[PDB]
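Q: If it helps, the file is called my_file-v2.cif and holds mmCIF, C-alpha atoms:
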```
data_start
#
loop_
_atom_site.group_PDB
_atom_site.id
_atom_site.type_symbol
_atom_site.label_atom_id
_atom_site.label_comp_id
_atom_site.auth_asym_id
_atom_site.auth_seq_id
_atom_site.Cartn_x
_atom_site.Cartn_y
_atom_site.Cartn_z
ATOM 1 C CA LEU E 549 111.028 107.370 105.422
ATOM 2 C CA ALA E 550 113.375 104.409 105.699
ATOM 3 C CA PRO E 551 111.559 103.137 108.784
ATOM 4 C CA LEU E 552 108.801 101.924 106.524
ATOM 5 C CA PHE E 553 111.045 101.204 103.581
ATOM 6 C CA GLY E 554 112.955 98.337 105.017
ATOM 7 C CA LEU E 555 113.743 95.017 103.386
ATOM 8 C CA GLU E 556 110.516 93.365 102.204
ATOM 9 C CA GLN E 557 109.342 96.520 100.544
ATOM 10 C CA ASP E 558 112.601 96.849 98.731
ATOM 11 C CA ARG E 559 112.547 93.256 97.504
ATOM 12 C CA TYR E 560 108.979 93.618 96.266
ATOM 13 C CA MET E 561 109.854 96.795 94.474
ATOM 14 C CA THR E 562 112.991 95.564 92.832
ATOM 15 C CA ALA E 563 111.216 92.421 91.828
ATOM 16 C CA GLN E 564 108.406 94.273 90.196
ATOM 17 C CA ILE E 565 111.041 96.160 88.322
ATOM 18 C CA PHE E 566 112.613 92.925 87.287
ATOM 19 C CA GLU E 567 109.234 91.399 86.662
ATOM 20 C CA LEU E 568 108.696 94.065 84.062
ATOM 21 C CA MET E 569 111.878 93.204 82.162
ATOM 22 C CA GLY E 570 113.505 90.064 83.600
ATOM 23 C CA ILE E 571 110.798 87.988 85.162
ATOM 24 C CA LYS E 572 111.815 84.898 87.059
ATOM 25 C CA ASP E 573 113.878 86.678 89.681
ATOM 26 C CA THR E 574 112.808 84.382 92.445
ATOM 27 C CA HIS E 575 115.386 81.679 92.170
ATOM 28 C CA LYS E 576 118.411 82.799 90.189
ATOM 29 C CA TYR E 577 118.581 86.509 90.832
ATOM 30 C CA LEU E 578 117.284 87.503 94.279
ATOM 31 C CA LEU E 579 116.994 85.177 97.278
ATOM 32 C CA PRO E 580 113.286 84.828 98.337
ATOM 33 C CA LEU E 581 112.400 86.832 101.482
ATOM 34 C CA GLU E 582 111.185 83.683 103.322
ATOM 35 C CA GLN E 583 114.831 82.428 103.319
ATOM 36 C CA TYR E 584 116.782 85.792 103.629
ATOM 37 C CA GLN E 585 117.481 84.939 107.308
ATOM 38 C CA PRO E 586 119.573 87.650 109.108
ATOM 39 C CA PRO E 587 123.401 87.282 109.225
ATOM 40 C CA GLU E 588 125.274 86.073 112.335
ATOM 41 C CA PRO E 589 127.485 88.764 114.036
ATOM 42 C CA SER E 590 131.211 88.624 113.089
ATOM 43 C CA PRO E 591 134.082 87.895 115.547
ATOM 44 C CA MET E 592 135.240 91.507 114.846
ATOM 45 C CA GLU E 593 131.792 92.857 115.827
ATOM 46 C CA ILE E 594 131.584 90.674 118.990
ATOM 47 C CA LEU E 595 135.145 91.300 120.310
ATOM 48 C CA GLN E 596 134.760 95.077 119.841
ATOM 49 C CA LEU E 597 131.432 94.991 121.716
ATOM 50 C CA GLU E 598 132.922 93.156 124.746
ATOM 51 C CA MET E 599 136.071 95.353 124.675
ATOM 52 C CA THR E 600 134.092 98.597 124.384
ATOM 53 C CA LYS E 601 131.981 97.258 127.309
ATOM 54 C CA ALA E 602 135.180 96.731 129.367
ATOM 55 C CA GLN E 603 136.431 100.235 128.349
ATOM 56 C CA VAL E 604 133.370 101.687 130.195
ATOM 57 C CA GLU E 605 133.734 99.259 133.151
ATOM 58 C CA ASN E 606 137.164 100.543 133.969
ATOM 59 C CA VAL E 607 135.653 104.017 134.245
ATOM 60 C CA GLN E 608 133.115 102.694 136.670
ATOM 61 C CA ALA E 609 136.098 101.220 138.503
ATOM 62 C CA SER E 610 138.048 104.499 138.556
ATOM 63 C CA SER E 611 135.047 106.339 139.918
ATOM 64 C CA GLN E 612 134.579 103.762 142.633
ATOM 65 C CA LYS E 613 138.315 103.956 143.460
ATOM 66 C CA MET E 614 137.944 107.554 144.591
ATOM 67 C CA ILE E 615 135.274 106.555 147.105
ATOM 68 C CA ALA E 616 137.565 103.976 148.689
ATOM 69 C CA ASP E 617 140.586 106.270 148.841
ATOM 70 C CA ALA E 618 138.399 108.830 150.631
ATOM 71 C CA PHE E 619 137.241 106.268 153.169
ATOM 72 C CA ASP E 620 140.888 105.334 153.847
ATOM 73 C CA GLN E 621 141.995 108.970 154.348
ATOM 74 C CA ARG E 622 139.180 109.526 156.895
ATOM 75 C CA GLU E 623 140.084 106.310 158.742
ATOM 76 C CA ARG E 624 143.745 107.337 158.863
ATOM 77 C CA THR E 625 142.759 110.673 160.472
ATOM 78 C CA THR E 626 140.655 108.764 163.035
ATOM 79 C CA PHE E 627 143.584 106.493 163.997
ATOM 80 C CA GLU E 628 145.628 109.709 164.312
ATOM 81 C CA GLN E 629 143.149 110.942 166.930
ATOM 82 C CA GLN E 630 143.305 107.529 168.773
ATOM 83 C CA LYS E 631 147.125 107.827 168.949
ATOM 84 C CA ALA E 632 146.671 111.430 170.216
ATOM 85 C CA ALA E 633 144.607 109.766 173.024
ATOM 86 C CA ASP E 634 147.712 107.553 173.720
ATOM 87 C CA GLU E 635 149.646 110.804 174.011
ATOM 88 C CA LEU E 636 146.981 111.916 176.538
ATOM 89 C CA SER E 637 147.920 108.590 178.290
ATOM 90 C CA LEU E 638 151.587 109.841 178.743
ATOM 91 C CA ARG E 639 150.193 112.495 181.280
ATOM 92 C CA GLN E 640 149.410 109.679 183.654
ATOM 93 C CA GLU E 641 152.920 108.336 183.129
ATOM 94 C CA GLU E 642 154.649 111.583 184.097
ATOM 95 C CA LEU E 643 152.284 111.992 187.028
ATOM 96 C CA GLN E 644 153.005 108.539 188.452
ATOM 97 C CA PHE E 645 156.650 109.500 188.070
ATOM 98 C CA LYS E 646 156.119 112.743 189.999
ATOM 99 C CA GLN E 647 154.213 110.774 192.645
ATOM 100 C CA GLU E 648 157.131 108.438 193.258
ATOM 101 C CA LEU A 549 119.059 93.906 99.701
ATOM 102 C CA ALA A 550 122.501 92.325 99.792
ATOM 103 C CA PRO A 551 121.365 89.768 102.360
ATOM 104 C CA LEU A 552 119.578 87.944 99.592
ATOM 105 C CA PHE A 553 122.014 88.929 96.888
ATOM 106 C CA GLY A 554 124.979 86.995 98.069
ATOM 107 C CA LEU A 555 127.286 84.797 96.031
ATOM 108 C CA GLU A 556 125.246 82.159 94.182
ATOM 109 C CA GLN A 557 122.806 84.719 92.926
ATOM 110 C CA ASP A 558 125.608 86.839 91.633
ATOM 111 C CA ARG A 559 127.278 83.943 89.833
ATOM 112 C CA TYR A 560 124.004 82.915 88.218
ATOM 113 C CA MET A 561 123.371 86.440 87.105
ATOM 114 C CA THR A 562 126.784 87.113 85.703
ATOM 115 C CA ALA A 563 126.715 83.792 83.973
ATOM 116 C CA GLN A 564 123.433 84.481 82.317
ATOM 117 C CA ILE A 565 124.960 87.688 81.139
ATOM 118 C CA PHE A 566 127.897 85.792 79.799
ATOM 119 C CA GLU A 567 125.641 83.080 78.495
ATOM 120 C CA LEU A 568 124.030 85.694 76.323
ATOM 121 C CA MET A 569 127.321 86.764 74.739
ATOM 122 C CA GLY A 570 130.161 84.464 75.839
ATOM 123 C CA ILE A 571 128.672 81.122 76.671
ATOM 124 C CA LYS A 572 130.931 78.499 78.150
ATOM 125 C CA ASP A 573 131.824 80.431 81.275
ATOM 126 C CA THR A 574 131.836 77.384 83.460
ATOM 127 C CA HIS A 575 135.383 76.244 83.081
ATOM 128 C CA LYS A 576 137.616 78.983 81.725
ATOM 129 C CA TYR A 577 136.018 82.154 82.987
ATOM 130 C CA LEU A 578 134.271 81.725 86.353
ATOM 131 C CA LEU A 579 134.975 78.953 88.861
ATOM 132 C CA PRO A 580 131.817 76.771 89.355
ATOM 133 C CA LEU A 581 129.978 77.468 92.646
ATOM 134 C CA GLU A 582 130.294 73.805 93.767
ATOM 135 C CA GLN A 583 134.103 74.346 94.033
ATOM 136 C CA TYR A 584 134.251 78.083 95.144
ATOM 137 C CA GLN A 585 135.121 76.895 98.693
ATOM 138 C CA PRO A 586 135.639 79.820 101.172
ATOM 139 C CA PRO A 587 139.192 81.189 101.724
ATOM 140 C CA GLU A 588 141.286 80.336 104.810
ATOM 141 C CA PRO A 589 141.922 83.314 107.205
ATOM 142 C CA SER A 590 145.321 85.057 106.743
ATOM 143 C CA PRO A 591 148.104 85.204 109.400
ATOM 144 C CA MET A 592 147.475 89.007 109.461
ATOM 145 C CA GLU A 593 143.757 88.435 110.192
ATOM 146 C CA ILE A 594 144.464 85.791 112.899
ATOM 147 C CA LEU A 595 147.270 87.658 114.756
ATOM 148 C CA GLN A 596 145.193 90.868 114.868
ATOM 149 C CA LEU A 597 142.214 88.916 116.255
ATOM 150 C CA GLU A 598 144.265 87.361 119.109
ATOM 151 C CA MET A 599 146.032 90.698 119.812
ATOM 152 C CA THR A 600 142.785 92.693 119.805
ATOM 153 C CA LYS A 601 141.422 89.978 122.169
ATOM 154 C CA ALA A 602 144.417 90.529 124.509
ATOM 155 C CA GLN A 603 143.935 94.349 124.256
ATOM 156 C CA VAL A 604 140.479 93.858 125.901
ATOM 157 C CA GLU A 605 141.813 91.299 128.437
ATOM 158 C CA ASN A 606 144.219 93.785 129.895
ATOM 159 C CA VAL A 607 141.254 96.073 130.541
ATOM 160 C CA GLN A 608 139.528 93.284 132.363
ATOM 161 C CA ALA A 609 142.780 92.961 134.302
ATOM 162 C CA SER A 610 142.978 96.674 135.148
ATOM 163 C CA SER A 611 139.415 96.652 136.391
ATOM 164 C CA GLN A 612 140.090 93.637 138.560
ATOM 165 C CA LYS A 613 143.271 95.312 139.888
ATOM 166 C CA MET A 614 141.226 98.041 141.538
ATOM 167 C CA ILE A 615 139.230 95.458 143.484
ATOM 168 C CA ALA A 616 142.392 93.913 144.904
ATOM 169 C CA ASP A 617 143.992 97.230 145.826
ATOM 170 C CA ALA A 618 140.796 98.108 147.712
ATOM 171 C CA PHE A 619 140.862 94.838 149.621
ATOM 172 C CA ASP A 620 144.495 95.518 150.605
ATOM 173 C CA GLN A 621 143.764 99.074 151.837
ATOM 174 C CA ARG A 622 140.915 97.771 154.053
ATOM 175 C CA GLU A 623 143.136 94.996 155.446
ATOM 176 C CA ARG A 624 145.892 97.507 156.212
ATOM 177 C CA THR A 625 143.405 99.635 158.208
ATOM 178 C CA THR A 626 142.330 96.501 160.124
ATOM 179 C CA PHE A 627 145.939 95.640 161.071
ATOM 180 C CA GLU A 628 146.238 99.288 162.177
ATOM 181 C CA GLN A 629 143.370 98.708 164.615
ATOM 182 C CA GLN A 630 145.020 95.431 165.875
ATOM 183 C CA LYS A 631 148.252 97.365 166.593
ATOM 184 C CA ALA A 632 146.126 100.034 168.369
ATOM 185 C CA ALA A 633 144.963 97.082 170.569
ATOM 186 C CA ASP A 634 148.710 96.404 171.292
ATOM 187 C CA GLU A 635 148.899 100.041 172.364
ATOM 188 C CA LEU A 636 145.924 99.291 174.669
ATOM 189 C CA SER A 637 148.230 96.456 175.957
ATOM 190 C CA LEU A 638 150.874 99.095 177.084
ATOM 191 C CA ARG A 639 148.305 100.255 179.819
ATOM 192 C CA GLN A 640 148.830 96.964 181.574
ATOM 193 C CA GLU A 641 152.580 97.477 181.299
ATOM 194 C CA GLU A 642 152.561 100.876 183.005
ATOM 195 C CA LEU A 643 150.163 99.569 185.628
ATOM 196 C CA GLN A 644 152.349 96.595 186.547
ATOM 197 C CA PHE A 645 155.142 99.141 186.806
ATOM 198 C CA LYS A 646 153.088 101.326 189.158
ATOM 199 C CA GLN A 647 152.212 98.213 191.172
ATOM 200 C CA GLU A 648 155.855 97.362 191.767
#
```
Spit out the file's structure as structure tokens when you get a sec.
A:
Amino acid sequence: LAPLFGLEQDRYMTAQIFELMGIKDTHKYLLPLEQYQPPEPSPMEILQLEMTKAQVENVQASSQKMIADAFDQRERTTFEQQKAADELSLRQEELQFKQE
Amino acid sequence: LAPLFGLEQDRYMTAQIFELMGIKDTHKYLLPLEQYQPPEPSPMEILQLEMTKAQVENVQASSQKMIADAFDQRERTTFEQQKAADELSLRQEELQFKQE
């Protein structure tokens, strides 16, 4: 039931309570709701947010690293096959030699 | 309800309380709000802030490291293809040889 029972409700309530026994709560006891402006986030809150954001980034990075490594492996195997074609080139070498 | 119930409110309250039983709180009991100037941060607080800031920096650094390594891998594969072009150069060598 909290979702309804937030801040304003609470202040009203408490006040009423007070208003039954100690009346003039407004201005010595409990800051009036019109001025109970929400607090600024702390440096501790902010730095932990940006650092916990980085601590998930890195994971994105690790995942993406695997993709790249895979690409590189495939490309290496392709260059292997090109150099095997250079070996096929040798054939011509030996045959020119046998021709002379 | 704390957001309203901060410091001033508390002092007023407590005072009142006191003022009912022990009156002259102002100047022997509870420092007057006009002079209750906020405390300076400790060396322990400061050093932990700057060290917890560095402990997220490093993560930024690790993430950025992956980008660089990737760049380098790609460049290596490119140089591989340039040297494969030098192998294509050999062709001309063997053919000049067959010409002579």
Q: Report as a list in words the full result of the PyMOL selection byres ((chain E) within 7 of (chain A)) when it is applied to this structure.
A: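 Taken over the shown coordinates, the PyMOL selection byres ((chain E) within 7 of (chain A)) returns residues 555, 559, 576, 577, 578, 579, 584, 595, 599, 602, 603, 606, 609, 613 and 616 of chain E.
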Q: Have a look at atom CA of residue 565 of chain A and atom CA of residue 570 of chain E and let me know their distance in Å, one decimal.
A: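 Separating atom CA of residue 565 of chain A from atom CA of residue 570 of chain E is a distance of 12.0 Å.
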Q: Provide the atom CA of residue 585 of chain A to atom CA of residue 563 of chain E distance in Å, to one decimal place.
A: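 Interatomic distance here is 29.3 Å.
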Q: Please report the interatomic distance between atom CA of residue 573 of chain A and atom CA of residue 569 of chain E in Å with one decimal.
A: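 Distance between the two atoms: 23.7 Å.
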Q: Missing atoms in segment 557-577 of chain E: can you complete it with N, CA, C and O atoms, as a PDB file, in the coordinates of the input?
A:
```pdb
ATOM      1  N   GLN E 557     109.780  95.491 101.398  1.00  0.00           N
ATOM      2  CA  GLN E 557     109.342  96.520 100.544  1.00  0.00           C
ATOM      3  C   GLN E 557     110.280  96.658  99.381  1.00  0.00           C
ATOM      4  O   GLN E 557     109.895  96.693  98.208  1.00  0.00           O
ATOM      5  N   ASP E 558     111.539  96.745  99.651  1.00  0.00           N
ATOM      6  CA  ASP E 558     112.601  96.849  98.731  1.00  0.00           C
ATOM      7  C   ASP E 558     112.628  95.691  97.776  1.00  0.00           C
ATOM      8  O   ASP E 558     112.772  95.838  96.557  1.00  0.00           O
ATOM      9  N   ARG E 559     112.516  94.472  98.313  1.00  0.00           N
ATOM     10  CA  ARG E 559     112.547  93.256  97.504  1.00  0.00           C
ATOM     11  C   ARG E 559     111.366  93.213  96.545  1.00  0.00           C
ATOM     12  O   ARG E 559     111.546  92.924  95.369  1.00  0.00           O
ATOM     13  N   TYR E 560     110.166  93.519  97.018  1.00  0.00           N
ATOM     14  CA  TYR E 560     108.979  93.618  96.266  1.00  0.00           C
ATOM     15  C   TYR E 560     109.137  94.576  95.123  1.00  0.00           C
ATOM     16  O   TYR E 560     108.839  94.286  93.956  1.00  0.00           O
ATOM     17  N   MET E 561     109.585  95.755  95.389  1.00  0.00           N
ATOM     18  CA  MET E 561     109.854  96.795  94.474  1.00  0.00           C
ATOM     19  C   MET E 561     110.761  96.335  93.370  1.00  0.00           C
ATOM     20  O   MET E 561     110.403  96.261  92.187  1.00  0.00           O
ATOM     21  N   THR E 562     111.970  96.020  93.691  1.00  0.00           N
ATOM     22  CA  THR E 562     112.991  95.564  92.832  1.00  0.00           C
ATOM     23  C   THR E 562     112.512  94.449  91.949  1.00  0.00           C
ATOM     24  O   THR E 562     112.754  94.410  90.737  1.00  0.00           O
ATOM     25  N   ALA E 563     111.833  93.495  92.491  1.00  0.00           N
ATOM     26  CA  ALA E 563     111.216  92.421  91.828  1.00  0.00           C
ATOM     27  C   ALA E 563     110.309  92.900  90.741  1.00  0.00           C
ATOM     28  O   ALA E 563     110.513  92.641  89.550  1.00  0.00           O
ATOM     29  N   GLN E 564     109.292  93.623  91.078  1.00  0.00           N
ATOM     30  CA  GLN E 564     108.406  94.273  90.196  1.00  0.00           C
ATOM     31  C   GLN E 564     109.150  94.834  89.021  1.00  0.00           C
ATOM     32  O   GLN E 564     108.887  94.519  87.855  1.00  0.00           O
ATOM     33  N   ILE E 565     110.125  95.643  89.263  1.00  0.00           N
ATOM     34  CA  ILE E 565     111.041  96.160  88.322  1.00  0.00           C
ATOM     35  C   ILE E 565     111.527  95.067  87.413  1.00  0.00           C
ATOM     36  O   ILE E 565     111.335  95.069  86.190  1.00  0.00           O
ATOM     37  N   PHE E 566     112.167  94.086  87.948  1.00  0.00           N
ATOM     38  CA  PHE E 566     112.613  92.925  87.287  1.00  0.00           C
ATOM     39  C   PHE E 566     111.490  92.252  86.546  1.00  0.00           C
ATOM     40  O   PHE E 566     111.589  91.906  85.364  1.00  0.00           O
ATOM     41  N   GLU E 567     110.379  92.045  87.174  1.00  0.00           N
ATOM     42  CA  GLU E 567     109.234  91.399  86.662  1.00  0.00           C
ATOM     43  C   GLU E 567     108.703  92.074  85.429  1.00  0.00           C
ATOM     44  O   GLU E 567     107.988  91.474  84.618  1.00  0.00           O
ATOM     45  N   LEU E 568     109.017  93.353  85.288  1.00  0.00           N
ATOM     46  CA  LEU E 568     108.696  94.065  84.062  1.00  0.00           C
ATOM     47  C   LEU E 568     109.615  93.683  82.917  1.00  0.00           C
ATOM     48  O   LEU E 568     109.166  93.648  81.766  1.00  0.00           O
ATOM     49  N   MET E 569     110.884  93.402  83.204  1.00  0.00           N
ATOM     50  CA  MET E 569     111.878  93.204  82.162  1.00  0.00           C
ATOM     51  C   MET E 569     112.477  91.800  82.218  1.00  0.00           C
ATOM     52  O   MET E 569     112.456  91.071  81.221  1.00  0.00           O
ATOM     53  N   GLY E 570     113.004  91.410  83.378  1.00  0.00           N
ATOM     54  CA  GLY E 570     113.505  90.064  83.600  1.00  0.00           C
ATOM     55  C   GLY E 570     112.719  89.392  84.703  1.00  0.00           C
ATOM     56  O   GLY E 570     112.830  89.781  85.869  1.00  0.00           O
ATOM     57  N   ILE E 571     111.927  88.413  84.424  1.00  0.00           N
ATOM     58  CA  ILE E 571     110.798  87.988  85.162  1.00  0.00           C
ATOM     59  C   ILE E 571     111.159  87.132  86.351  1.00  0.00           C
ATOM     60  O   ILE E 571     111.029  87.512  87.520  1.00  0.00           O
ATOM     61  N   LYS E 572     111.615  85.947  86.128  1.00  0.00           N
ATOM     62  CA  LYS E 572     111.815  84.898  87.059  1.00  0.00           C
ATOM     63  C   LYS E 572     112.996  85.212  87.944  1.00  0.00           C
ATOM     64  O   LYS E 572     114.035  84.552  87.880  1.00  0.00           O
ATOM     65  N   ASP E 573     112.918  86.217  88.754  1.00  0.00           N
ATOM     66  CA  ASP E 573     113.878  86.678  89.681  1.00  0.00           C
ATOM     67  C   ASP E 573     114.036  85.760  90.860  1.00  0.00           C
ATOM     68  O   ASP E 573     115.104  85.646  91.475  1.00  0.00           O
ATOM     69  N   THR E 574     112.994  85.107  91.250  1.00  0.00           N
ATOM     70  CA  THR E 574     112.808  84.382  92.445  1.00  0.00           C
ATOM     71  C   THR E 574     113.989  83.539  92.841  1.00  0.00           C
ATOM     72  O   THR E 574     114.383  83.503  94.012  1.00  0.00           O
ATOM     73  N   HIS E 575     114.576  82.816  91.950  1.00  0.00           N
ATOM     74  CA  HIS E 575     115.386  81.679  92.170  1.00  0.00           C
ATOM     75  C   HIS E 575     116.693  81.606  91.417  1.00  0.00           C
ATOM     76  O   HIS E 575     117.321  80.545  91.354  1.00  0.00           O
ATOM     77  N   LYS E 576     117.143  82.637  90.792  1.00  0.00           N
ATOM     78  CA  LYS E 576     118.411  82.799  90.189  1.00  0.00           C
ATOM     79  C   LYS E 576     119.031  84.152  90.424  1.00  0.00           C
ATOM     80  O   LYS E 576     120.251  84.336  90.350  1.00  0.00           O
ATOM     81  N   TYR E 577     118.248  85.144  90.691  1.00  0.00           N
ATOM     82  CA  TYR E 577     118.581  86.509  90.832  1.00  0.00           C
ATOM     83  C   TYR E 577     118.589  87.007  92.250  1.00  0.00           C
ATOM     84  O   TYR E 577     119.550  87.614  92.731  1.00  0.00           O
TER      85      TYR E 577
END
```
